[PDB]
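Text of the file query_1.txt, holding compact mmCIF, C-alpha atoms and all ligand atoms:
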# COMPACT_ATOMS: atom_id res chain seq x y z
CA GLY E 5 23.90 -9.93 22.34
CA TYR E 6 21.53 -12.60 21.02
CA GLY E 7 22.18 -14.69 17.91
CA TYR E 8 20.14 -16.22 15.10
CA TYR E 9 16.84 -15.21 16.69
CA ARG E 10 16.98 -11.84 14.95
CA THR E 11 17.59 -13.59 11.63
CA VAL E 12 14.87 -16.24 12.03
CA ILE E 13 12.12 -13.89 13.21
CA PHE E 14 13.03 -11.19 10.68
CA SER E 15 12.93 -13.68 7.81
CA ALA E 16 9.58 -14.96 9.10
CA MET E 17 8.13 -11.44 9.16
CA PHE E 18 9.46 -10.73 5.66
CA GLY E 19 7.87 -13.89 4.27
CA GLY E 20 4.57 -13.32 6.02
CA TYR E 21 4.13 -9.73 4.88
CA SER E 22 5.23 -10.65 1.36
CA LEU E 23 2.49 -13.29 1.23
CA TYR E 24 -0.14 -10.86 2.55
CA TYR E 25 0.65 -8.28 -0.13
CA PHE E 26 0.96 -10.95 -2.81
CA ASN E 27 -2.54 -12.25 -2.09
CA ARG E 28 -4.17 -8.82 -2.23
CA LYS E 29 -2.38 -7.95 -5.42
CA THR E 30 -2.89 -11.47 -6.83
CA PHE E 31 -6.54 -10.63 -7.09
CA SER E 32 -5.30 -7.38 -8.60
CA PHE E 33 -3.37 -9.28 -11.31
CA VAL E 34 -6.04 -11.89 -12.03
CA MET E 35 -8.60 -9.12 -12.61
CA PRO E 36 -8.01 -8.95 -16.43
CA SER E 37 -8.19 -12.72 -16.96
CA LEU E 38 -11.32 -12.88 -14.80
CA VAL E 39 -12.84 -10.15 -16.96
CA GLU E 40 -11.91 -12.08 -20.11
CA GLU E 41 -13.53 -15.28 -18.80
CA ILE E 42 -16.44 -13.91 -16.75
CA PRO E 43 -18.03 -10.96 -18.61
CA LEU E 44 -17.93 -8.36 -15.84
CA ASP E 45 -18.75 -4.71 -16.47
CA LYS E 46 -16.59 -1.68 -15.61
CA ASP E 47 -18.32 -0.95 -12.27
CA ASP E 48 -18.38 -4.40 -10.52
CA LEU E 49 -14.59 -4.49 -10.24
CA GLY E 50 -14.64 -1.04 -8.67
CA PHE E 51 -17.36 -2.21 -6.29
CA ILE E 52 -15.24 -5.17 -5.17
CA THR E 53 -12.15 -3.00 -4.73
CA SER E 54 -14.09 -0.35 -2.78
CA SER E 55 -15.59 -2.96 -0.45
CA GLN E 56 -12.16 -4.43 0.25
CA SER E 57 -10.66 -0.98 0.83
CA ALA E 58 -13.39 0.03 3.29
CA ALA E 59 -13.05 -3.25 5.20
CA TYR E 60 -9.26 -2.85 5.33
CA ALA E 61 -9.58 0.73 6.58
CA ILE E 62 -11.92 -0.30 9.40
CA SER E 63 -9.77 -3.29 10.36
CA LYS E 64 -6.54 -1.28 10.31
CA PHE E 65 -8.04 1.47 12.47
CA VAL E 66 -9.35 -1.06 15.00
CA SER E 67 -6.08 -3.01 15.11
CA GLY E 68 -4.04 0.16 15.54
CA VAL E 69 -6.29 1.34 18.36
CA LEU E 70 -6.24 -2.04 20.17
CA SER E 71 -2.66 -3.35 20.23
CA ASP E 72 -2.25 -4.74 23.75
CA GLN E 73 -4.69 -7.67 23.97
CA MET E 74 -2.71 -9.98 21.70
CA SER E 75 0.23 -12.37 21.67
CA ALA E 76 1.71 -10.85 18.45
CA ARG E 77 2.28 -14.41 17.03
CA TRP E 78 -1.24 -15.98 17.14
CA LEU E 79 -2.74 -12.88 15.53
CA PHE E 80 -0.19 -13.01 12.70
CA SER E 81 -0.70 -16.73 12.05
CA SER E 82 -4.50 -16.45 12.21
CA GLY E 83 -4.48 -13.54 9.77
CA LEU E 84 -2.27 -15.44 7.34
CA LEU E 85 -4.45 -18.56 7.57
CA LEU E 86 -7.65 -16.55 7.06
CA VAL E 87 -6.17 -14.77 4.03
CA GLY E 88 -5.15 -18.10 2.52
CA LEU E 89 -8.58 -19.61 3.16
CA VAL E 90 -10.47 -16.69 1.63
CA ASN E 91 -8.19 -16.84 -1.42
CA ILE E 92 -8.84 -20.58 -1.78
CA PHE E 93 -12.60 -20.02 -1.55
CA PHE E 94 -12.28 -17.09 -3.98
CA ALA E 95 -10.76 -19.46 -6.55
CA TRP E 96 -13.99 -21.51 -6.74
CA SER E 97 -16.58 -18.80 -7.32
CA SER E 98 -18.43 -17.17 -10.21
CA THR E 99 -21.02 -14.60 -9.11
CA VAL E 100 -20.38 -10.97 -8.12
CA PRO E 101 -21.95 -10.86 -4.61
CA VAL E 102 -19.82 -13.84 -3.58
CA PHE E 103 -16.71 -12.09 -4.91
CA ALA E 104 -17.58 -8.91 -3.02
CA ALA E 105 -18.31 -10.72 0.26
CA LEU E 106 -15.24 -13.04 0.14
CA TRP E 107 -13.12 -9.89 -0.58
CA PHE E 108 -14.70 -7.89 2.27
CA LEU E 109 -13.60 -10.76 4.46
CA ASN E 110 -10.09 -10.65 2.96
CA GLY E 111 -9.85 -6.91 3.54
CA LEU E 112 -11.03 -7.36 7.12
CA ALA E 113 -8.39 -10.03 7.73
CA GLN E 114 -5.64 -7.93 6.11
CA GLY E 115 -5.63 -5.48 9.02
CA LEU E 116 -4.05 -7.92 11.49
CA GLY E 117 -0.71 -8.24 9.69
CA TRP E 118 1.12 -4.93 10.08
CA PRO E 119 0.09 -3.74 13.60
CA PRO E 120 1.56 -6.84 15.29
CA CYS E 121 4.78 -6.55 13.26
CA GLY E 122 5.99 -3.70 15.48
CA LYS E 123 5.31 -5.47 18.78
CA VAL E 124 8.28 -7.78 18.08
CA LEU E 125 10.39 -5.14 16.33
CA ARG E 126 10.34 -2.82 19.35
CA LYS E 127 11.31 -5.65 21.73
CA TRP E 128 13.88 -7.62 19.69
CA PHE E 129 16.03 -4.61 18.74
CA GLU E 130 17.87 -1.72 20.32
CA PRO E 131 16.11 1.64 19.79
CA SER E 132 19.02 2.88 17.63
CA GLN E 133 18.19 0.58 14.69
CA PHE E 134 14.38 0.54 14.64
CA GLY E 135 14.24 3.48 12.24
CA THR E 136 16.27 1.71 9.56
CA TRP E 137 14.73 -1.70 10.29
CA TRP E 138 11.24 -0.34 9.62
CA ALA E 139 12.42 0.99 6.25
CA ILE E 140 14.11 -2.32 5.40
CA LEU E 141 10.98 -4.30 6.30
CA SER E 142 8.72 -1.93 4.34
CA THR E 143 10.24 -3.10 1.02
CA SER E 144 8.48 -6.47 1.28
CA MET E 145 5.37 -4.93 -0.27
CA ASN E 146 7.37 -3.60 -3.22
CA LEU E 147 9.16 -6.93 -3.68
CA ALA E 148 5.85 -8.82 -3.66
CA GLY E 149 4.16 -6.34 -6.01
CA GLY E 150 7.03 -6.18 -8.49
CA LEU E 151 6.97 -9.91 -9.26
CA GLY E 152 3.30 -10.93 -9.33
CA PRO E 153 2.02 -8.87 -12.28
CA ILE E 154 4.51 -10.39 -14.72
CA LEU E 155 4.62 -13.88 -13.20
CA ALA E 156 0.85 -14.40 -13.26
CA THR E 157 0.47 -13.03 -16.79
CA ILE E 158 3.34 -15.12 -18.16
CA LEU E 159 2.07 -18.23 -16.35
CA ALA E 160 -1.57 -17.90 -17.46
CA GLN E 161 -0.61 -19.17 -20.93
CA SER E 162 -1.38 -22.79 -20.02
CA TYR E 163 -2.90 -22.60 -16.51
CA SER E 164 -6.02 -20.62 -15.64
CA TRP E 165 -6.28 -18.06 -12.84
CA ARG E 166 -8.09 -20.58 -10.63
CA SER E 167 -4.93 -22.69 -10.29
CA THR E 168 -2.89 -19.59 -9.44
CA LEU E 169 -5.31 -18.51 -6.72
CA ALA E 170 -5.57 -22.02 -5.27
CA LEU E 171 -1.80 -22.46 -5.15
CA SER E 172 -1.35 -19.04 -3.55
CA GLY E 173 -3.92 -19.95 -0.90
CA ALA E 174 -2.26 -23.30 -0.18
CA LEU E 175 1.15 -21.64 0.13
CA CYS E 176 -0.29 -19.05 2.53
CA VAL E 177 -1.90 -21.80 4.61
CA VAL E 178 1.35 -23.78 4.90
CA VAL E 179 3.49 -20.73 5.67
CA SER E 180 0.98 -19.82 8.39
CA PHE E 181 2.05 -22.88 10.39
CA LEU E 182 5.68 -22.49 9.32
CA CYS E 183 5.66 -18.94 10.75
CA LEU E 184 3.69 -19.78 13.89
CA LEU E 185 6.33 -22.38 14.75
CA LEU E 186 9.19 -19.85 14.49
CA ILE E 187 8.17 -16.31 15.52
CA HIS E 188 8.82 -15.46 19.18
CA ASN E 189 6.81 -12.61 20.69
CA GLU E 190 9.32 -11.64 23.40
CA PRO E 191 12.76 -13.01 24.31
CA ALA E 192 12.05 -15.81 26.79
CA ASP E 193 13.79 -18.82 25.22
CA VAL E 194 16.99 -19.08 27.29
CA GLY E 195 16.50 -15.80 29.17
CA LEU E 196 17.12 -12.42 27.56
CA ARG E 197 16.25 -8.89 28.65
CA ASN E 198 16.82 -5.23 27.81
CA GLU E 214 -1.14 20.26 28.49
CA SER E 215 -1.91 17.66 25.80
CA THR E 216 -5.45 16.84 24.72
CA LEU E 217 -7.41 15.72 21.68
CA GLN E 218 -9.01 19.16 21.26
CA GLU E 219 -5.57 20.80 20.97
CA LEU E 220 -4.49 18.12 18.47
CA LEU E 221 -7.42 18.11 16.04
CA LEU E 222 -7.69 21.92 15.97
CA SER E 223 -4.19 22.45 14.55
CA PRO E 224 -4.51 23.34 10.82
CA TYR E 225 -1.60 21.13 9.75
CA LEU E 226 -2.92 17.65 10.50
CA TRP E 227 -5.66 18.11 7.91
CA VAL E 228 -3.18 19.42 5.33
CA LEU E 229 -0.98 16.35 5.82
CA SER E 230 -4.04 14.09 5.83
CA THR E 231 -5.46 15.47 2.58
CA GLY E 232 -2.04 15.41 1.04
CA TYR E 233 -2.22 11.66 1.76
CA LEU E 234 -5.83 11.01 0.66
CA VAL E 235 -4.74 12.51 -2.66
CA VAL E 236 -1.38 10.78 -3.17
CA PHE E 237 -2.66 7.37 -2.07
CA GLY E 238 -5.84 7.60 -4.12
CA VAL E 239 -3.95 8.60 -7.27
CA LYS E 240 -1.38 5.84 -6.77
CA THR E 241 -4.02 3.17 -6.15
CA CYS E 242 -6.14 4.26 -9.15
CA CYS E 243 -3.08 4.22 -11.45
CA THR E 244 -1.83 0.86 -10.17
CA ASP E 245 -5.23 -0.83 -10.46
CA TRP E 246 -6.35 0.57 -13.84
CA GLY E 247 -3.14 1.09 -15.84
CA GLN E 248 -3.38 -2.39 -17.32
CA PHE E 249 -6.94 -1.71 -18.48
CA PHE E 250 -6.03 1.71 -19.88
CA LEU E 251 -3.22 0.06 -21.85
CA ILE E 252 -5.22 -2.96 -23.06
CA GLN E 253 -8.30 -0.99 -24.10
CA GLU E 254 -8.46 2.36 -25.95
CA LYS E 255 -4.83 2.59 -27.09
CA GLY E 256 -3.80 -0.65 -28.74
CA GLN E 257 -1.34 -2.66 -26.66
CA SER E 258 -1.18 -6.33 -25.73
CA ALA E 259 -1.85 -7.74 -22.27
CA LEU E 260 1.83 -8.43 -21.60
CA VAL E 261 2.75 -4.75 -22.00
CA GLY E 262 0.05 -3.73 -19.54
CA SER E 263 1.21 -6.26 -16.95
CA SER E 264 4.84 -5.13 -17.28
CA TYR E 265 3.73 -1.56 -16.53
CA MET E 266 2.81 -2.54 -12.96
CA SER E 267 6.08 -4.41 -12.42
CA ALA E 268 8.03 -1.38 -13.68
CA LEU E 269 5.92 0.81 -11.37
CA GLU E 270 7.06 -1.12 -8.29
CA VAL E 271 10.69 -1.27 -9.46
CA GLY E 272 10.96 2.49 -9.04
CA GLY E 273 8.81 2.39 -5.92
CA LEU E 274 11.46 0.38 -4.07
CA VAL E 275 14.08 3.03 -4.88
CA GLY E 276 11.78 5.82 -3.70
CA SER E 277 11.05 4.38 -0.26
CA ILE E 278 14.67 3.44 0.48
CA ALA E 279 16.11 6.75 -0.77
CA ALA E 280 13.54 9.19 0.63
CA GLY E 281 15.28 9.23 4.00
CA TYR E 282 18.71 9.59 2.40
CA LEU E 283 17.69 12.73 0.49
CA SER E 284 15.66 14.23 3.35
CA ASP E 285 18.19 15.02 6.12
CA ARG E 286 21.20 15.47 3.80
CA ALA E 287 21.76 18.27 1.27
CA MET E 288 19.05 20.84 1.97
CA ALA E 289 18.50 21.33 5.70
CA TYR E 296 7.26 27.25 10.46
CA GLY E 297 8.25 24.38 8.20
CA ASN E 298 10.46 21.35 7.66
CA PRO E 299 13.48 20.82 5.40
CA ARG E 300 11.55 18.29 3.31
CA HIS E 301 8.72 20.35 1.78
CA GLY E 302 10.79 21.24 -1.28
CA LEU E 303 11.63 17.60 -1.97
CA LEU E 304 8.00 16.58 -1.39
CA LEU E 305 6.73 19.24 -3.80
CA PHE E 306 9.28 18.21 -6.42
CA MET E 307 8.19 14.58 -6.08
CA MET E 308 4.52 15.55 -6.45
CA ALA E 309 5.28 17.67 -9.52
CA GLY E 310 7.22 14.80 -11.05
CA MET E 311 4.20 12.48 -10.33
CA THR E 312 1.87 14.90 -12.11
CA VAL E 313 4.16 15.46 -15.11
CA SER E 314 4.73 11.72 -15.59
CA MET E 315 1.00 10.97 -15.36
CA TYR E 316 0.18 13.68 -17.90
CA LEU E 317 2.85 12.36 -20.27
CA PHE E 318 1.49 8.82 -19.89
CA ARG E 319 -2.03 10.06 -20.67
CA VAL E 320 -1.05 12.09 -23.74
CA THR E 321 2.14 10.84 -25.40
CA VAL E 322 1.49 7.08 -25.22
CA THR E 323 -0.27 5.90 -28.38
CA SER E 324 -0.88 2.61 -30.20
CA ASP E 325 2.54 2.77 -31.89
CA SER E 326 5.19 3.49 -29.25
CA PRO E 327 8.29 1.61 -28.05
CA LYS E 328 7.68 -0.19 -24.77
CA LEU E 329 10.79 1.42 -23.25
CA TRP E 330 8.96 4.75 -23.04
CA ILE E 331 6.05 3.10 -21.19
CA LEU E 332 8.39 1.33 -18.77
CA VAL E 333 10.34 4.54 -18.13
CA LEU E 334 7.13 6.46 -17.43
CA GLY E 335 5.97 3.73 -15.06
CA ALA E 336 9.26 3.68 -13.17
CA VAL E 337 9.33 7.48 -12.88
CA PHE E 338 5.74 7.54 -11.61
CA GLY E 339 6.52 4.81 -9.08
CA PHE E 340 9.56 6.70 -7.80
CA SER E 341 7.59 9.96 -7.60
CA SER E 342 4.64 8.29 -5.83
CA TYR E 343 6.35 5.98 -3.31
CA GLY E 344 8.61 8.73 -1.97
CA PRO E 345 5.92 11.04 -0.56
CA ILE E 346 4.40 8.08 1.31
CA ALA E 347 7.61 7.54 3.29
CA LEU E 348 8.06 11.30 3.70
CA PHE E 349 4.55 11.62 5.15
CA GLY E 350 5.13 8.65 7.44
CA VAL E 351 8.32 10.21 8.78
CA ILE E 352 6.96 13.76 9.10
CA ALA E 353 3.72 12.78 10.85
CA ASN E 354 5.59 10.88 13.56
CA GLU E 355 8.32 13.52 13.90
CA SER E 356 5.93 16.48 14.20
CA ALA E 357 3.44 14.66 16.45
CA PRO E 358 2.77 16.09 19.92
CA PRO E 359 4.54 14.35 22.82
CA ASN E 360 2.93 11.18 24.21
CA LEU E 361 0.47 11.23 21.27
CA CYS E 362 2.40 9.13 18.74
CA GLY E 363 0.52 6.23 17.23
CA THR E 364 -2.77 8.06 17.66
CA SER E 365 -1.26 10.88 15.60
CA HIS E 366 -0.69 8.28 12.86
CA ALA E 367 -3.96 6.33 13.09
CA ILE E 368 -5.96 9.27 11.70
CA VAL E 369 -3.46 9.75 8.87
CA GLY E 370 -3.62 6.06 7.98
CA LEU E 371 -7.42 6.03 8.15
CA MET E 372 -7.70 8.96 5.76
CA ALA E 373 -5.09 7.45 3.43
CA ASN E 374 -7.14 4.24 3.35
CA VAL E 375 -10.37 6.15 2.66
CA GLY E 376 -8.60 7.97 -0.17
CA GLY E 377 -7.58 4.60 -1.56
CA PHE E 378 -11.22 3.55 -1.27
CA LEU E 379 -12.30 6.62 -3.25
CA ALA E 380 -10.28 5.25 -6.21
CA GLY E 381 -12.61 2.25 -6.54
CA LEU E 382 -16.31 2.51 -7.33
CA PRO E 383 -16.32 6.28 -8.10
CA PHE E 384 -13.37 5.92 -10.49
CA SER E 385 -15.01 2.85 -12.08
CA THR E 386 -18.30 4.71 -12.64
CA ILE E 387 -16.54 7.80 -14.02
CA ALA E 388 -14.73 5.55 -16.50
CA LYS E 389 -17.96 3.69 -17.31
CA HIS E 390 -19.92 6.88 -17.99
CA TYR E 391 -17.44 8.48 -20.41
CA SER E 392 -14.03 6.74 -20.71
CA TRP E 393 -10.78 5.91 -18.93
CA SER E 394 -9.14 9.03 -20.37
CA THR E 395 -11.63 11.33 -18.64
CA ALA E 396 -11.03 9.55 -15.32
CA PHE E 397 -7.26 10.01 -15.58
CA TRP E 398 -7.85 13.62 -16.65
CA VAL E 399 -9.81 14.18 -13.42
CA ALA E 400 -7.08 12.46 -11.41
CA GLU E 401 -4.38 14.65 -12.98
CA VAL E 402 -6.41 17.82 -12.34
CA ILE E 403 -6.89 16.82 -8.69
CA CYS E 404 -3.18 16.11 -8.27
CA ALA E 405 -2.17 19.42 -9.88
CA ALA E 406 -4.61 21.38 -7.70
CA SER E 407 -3.31 19.65 -4.56
CA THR E 408 0.29 20.36 -5.57
CA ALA E 409 -0.50 24.04 -6.13
CA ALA E 410 -2.28 24.26 -2.78
CA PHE E 411 0.70 22.65 -1.02
CA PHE E 412 3.08 25.05 -2.79
CA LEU E 413 1.06 28.09 -1.67
CA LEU E 414 0.72 26.80 1.92
CA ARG E 415 4.19 26.36 3.45
CA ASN E 416 4.59 28.67 6.47
CA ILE E 417 2.09 27.04 8.82
CA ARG E 418 2.49 25.78 12.38
CA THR E 419 4.04 22.30 12.43
CA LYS E 420 4.38 21.96 16.23
CA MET E 421 0.86 20.73 16.94
CA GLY E 422 -0.22 19.94 20.48
CA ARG E 423 0.95 22.88 22.59
CA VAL E 424 2.08 26.46 21.99
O1 LIG I 501 -0.44 0.86 3.38
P1 LIG I 501 -0.44 -0.35 4.28
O2 LIG I 501 -1.15 -1.47 3.56
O3 LIG I 501 -1.18 -0.02 5.54
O4 LIG I 501 1.08 -0.82 4.66
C1 LIG I 501 1.57 -0.55 5.94
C2 LIG I 501 2.70 0.46 5.86
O5 LIG I 501 2.78 0.95 4.56
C3 LIG I 501 3.74 1.95 4.39
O6 LIG I 501 3.66 2.37 3.06
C4 LIG I 501 3.46 3.13 5.31
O7 LIG I 501 4.41 4.14 5.12
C5 LIG I 501 3.53 2.60 6.73
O8 LIG I 501 3.33 3.61 7.68
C6 LIG I 501 2.40 1.59 6.83
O9 LIG I 501 2.35 1.11 8.13
Any chance you could give the structure as structure tokens?
Ligand SMILES: O=P(O)(O)OC[C@H]1O[C@@H](O)[C@H](O)[C@@H](O)[C@@H]1O
Amino acid sequence: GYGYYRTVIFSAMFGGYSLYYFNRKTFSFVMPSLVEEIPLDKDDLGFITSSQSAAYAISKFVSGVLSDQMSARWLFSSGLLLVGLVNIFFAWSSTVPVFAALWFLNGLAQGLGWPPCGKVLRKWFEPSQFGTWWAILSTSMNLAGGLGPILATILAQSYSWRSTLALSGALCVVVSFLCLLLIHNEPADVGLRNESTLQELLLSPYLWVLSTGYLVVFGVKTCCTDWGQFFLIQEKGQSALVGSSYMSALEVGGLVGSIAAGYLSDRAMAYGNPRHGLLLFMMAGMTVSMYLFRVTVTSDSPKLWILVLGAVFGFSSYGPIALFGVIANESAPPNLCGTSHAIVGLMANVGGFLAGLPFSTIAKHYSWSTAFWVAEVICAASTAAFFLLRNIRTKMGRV
């Protein structure tokens, strides 16, 4: 029965997480213009991305493991300020080692944003709305990623990427203070108030199936998101604007996938779970759309086909992520939640890392088309393996 605190703190969290994701992907968008200005090869960008992904994986694992020695409001503000500062210092730089270092510091700082977001969510809300509130808050990433790719490309006509990065850093710095002044860790303003072992958890042959299902989906999604603009600009003849709009159309369907995965899971169709069929259909759609994008798209093709393929791929790729997040927590052994998700998140992050330097060097050796061929083959093999392996124990922890 509290008022206006829920609104203020929720808006603050939305803004903060939007800025985090916008900074990471603002490097992602300025990559082509940086390549045009600074003559970077095909394997330095992958090196930078891989370094950032590894740093983010380590930071996220550490922050998930240690989530008690914090105030949940100083950590958030410090992370936002550090991200803004590293972006500002990234704006004024030329060489490759500096880029890699200043982006391994950004990836390290990026791990302190999400873990403290739940420490206020669990305390400011009744436990009957946390499930939907998590899903509502998770769309900030899609909102931030569906606006940047087109905005930066359409603004770079008269202003260089340096101005964009500097302004993004300044905005992050200011919103750091604006969010430190508003977020409340726990309700204390006027006065408000409310067997199992690791051996038996790692040995269950379902955690690794879920984990590899996630190292494959996340790696494929990250590789496609990061290199679709380059695949469109080079090889097949399309302008830079069409390539940028592919990413924005990818996140437009991603928002629908995350917010409708839960709706389609429990309803309609209802060991195993009554979501494997939907998950397999989503994976098959992700493979078919990626194959069609690789083959059908040519120099002469209406942009509507490209946008439709991007939206379909986004919908087919952002659904399994939410499905995995739900299923891992639901099938986790009792009193082992959180630590049953840290491993899954760590392997998803390492799969995202695998789509950096190795993908870049595969493309550099032969072509982009071969790299996407390998990605499609991997996805198809994983889908077939999932389809063959359904009746396995999903009650890990004790039997
Ligand atoms: O993928 P990131 O950058 O860790 O974003 C955090 C959230 O991203 C969502 O996509 C996952 O389903 C959540 O479980 C996760 O916490």
Put a box with edges along x, y and z around all the listed atoms of ligand LIG 501 (chain I), pad it by 5 Å on each side, then give me its centre and sizes in Å, one decimal, as AutoDock Vina command-line options.
--center_x 1.6 --center_y 1.3 --center_z 5.6 --size_x 15.6 --size_y 15.6 --size_z 15.1
Compile a residue-level contact table for chain E against ligand LIG 501 (chain I) at a cut-off of 10 Å, reporting for every qualifying residue the shortest atom pair and its distance in Å to one decimal, with all atoms listed in the file counted, rows ordered by chain and ascending number, as CSV.
residue,atom,partner,partner_atom,distance
E:21,CA,I:LIG501,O4,9.4
E:24,CA,I:LIG501,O2,9.5
E:25,CA,I:LIG501,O2,8.0
E:28,CA,I:LIG501,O2,9.8
E:57,CA,I:LIG501,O2,9.9
E:60,CA,I:LIG501,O2,8.4
E:61,CA,I:LIG501,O3,8.5
E:64,CA,I:LIG501,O3,7.3
E:65,CA,I:LIG501,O3,9.9
E:68,CA,I:LIG501,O9,9.8
E:114,CA,I:LIG501,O2,8.3
E:115,CA,I:LIG501,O3,7.9
E:117,CA,I:LIG501,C1,8.9
E:118,CA,I:LIG501,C1,6.0
E:119,CA,I:LIG501,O9,7.7
E:121,CA,I:LIG501,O9,9.5
E:122,CA,I:LIG501,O9,9.5
E:138,CA,I:LIG501,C5,8.7
E:139,CA,I:LIG501,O7,8.7
E:141,CA,I:LIG501,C2,9.6
E:142,CA,I:LIG501,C3,6.3
E:143,CA,I:LIG501,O6,8.8
E:144,CA,I:LIG501,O4,9.9
E:145,CA,I:LIG501,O4,7.7
E:146,CA,I:LIG501,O6,9.4
E:237,CA,I:LIG501,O1,8.8
E:277,CA,I:LIG501,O6,8.3
E:343,CA,I:LIG501,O6,7.8
E:344,CA,I:LIG501,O7,9.4
E:345,CA,I:LIG501,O7,9.1
E:346,CA,I:LIG501,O7,5.5
E:347,CA,I:LIG501,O7,5.0
E:348,CA,I:LIG501,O7,8.2
E:349,CA,I:LIG501,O7,7.5
E:350,CA,I:LIG501,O7,5.1
E:351,CA,I:LIG501,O7,8.1
E:353,CA,I:LIG501,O8,9.7
E:354,CA,I:LIG501,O8,9.6
E:366,CA,I:LIG501,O8,8.0
E:367,CA,I:LIG501,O8,9.5
E:369,CA,I:LIG501,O8,9.2
E:370,CA,I:LIG501,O3,7.0
E:371,CA,I:LIG501,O3,9.1
E:373,CA,I:LIG501,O1,8.1
E:374,CA,I:LIG501,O1,7.5
E:377,CA,I:LIG501,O1,9.5
Quick one: everything within 6 Å of stretch 183-189 of chain E, counting only C-alpha atoms, minus sequence neighbours fewer than 6 positions away in the same chain. Send it as a PyMOL selection string. chain E and resi 13+16+76+81+124
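Distance-wise, atom CA of residue E:411 and atom CA of residue E:316 end up 19.1 Å apart.
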Report as a PyMOL selection string all protein, DNA and RNA residues lying within 10 Å of residue E:220, evaluated on all atoms listed in the file, omitting residues in the same chain fewer than 6 positions from it. chain E and resi 226+357-358+361+365+420-423
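Straight-line separation from atom CA of residue E:111 to atom CA of residue E:169: 16.1 Å.
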Calculate how many Å separate atom CA of residue E:261 from atom CA of residue E:334, rounding to one decimal. 12.9 Å
Which residue of E:340, E:225, E:318, E:397 approaches residue E:272 most closely, using only C-alpha atoms: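 Checking each candidate against residue E:272, we get E:340 as the closest.
Proximity of E:88, E:262, E:173, E:153 to residue E:249, computed with only C-alpha atoms, is greatest for E:262.
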12 Å contact set for residue E:307, all atoms listed in the file, chain neighbours under 2 positions out, as a ChimeraX atom specification: /E:236,276,280,283,300-305,309-314,337-348,404,408
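Distances to residue E:255 were evaluated for E:70, E:322, E:86, E:196 using all atoms listed in the file, and the minimum falls at E:322.
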Excluding residue E:372 and its own-chain neighbours fewer than 5 positions away, which residues fall within 8 Å of it when counting only C-alpha atoms? Please give them as a PDB file with C-alpha atoms, keeping the file's coordinate frame.
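Contents of the output file result19.pdb:
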ATOM      1  CA  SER E 230      -4.040  14.090   5.830  1.00  0.00           C
ATOM      2  CA  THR E 231      -5.460  15.470   2.580  1.00  0.00           C
ATOM      3  CA  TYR E 233      -2.220  11.660   1.760  1.00  0.00           C
ATOM      4  CA  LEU E 234      -5.830  11.010   0.660  1.00  0.00           C
TER       5      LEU E 234
END
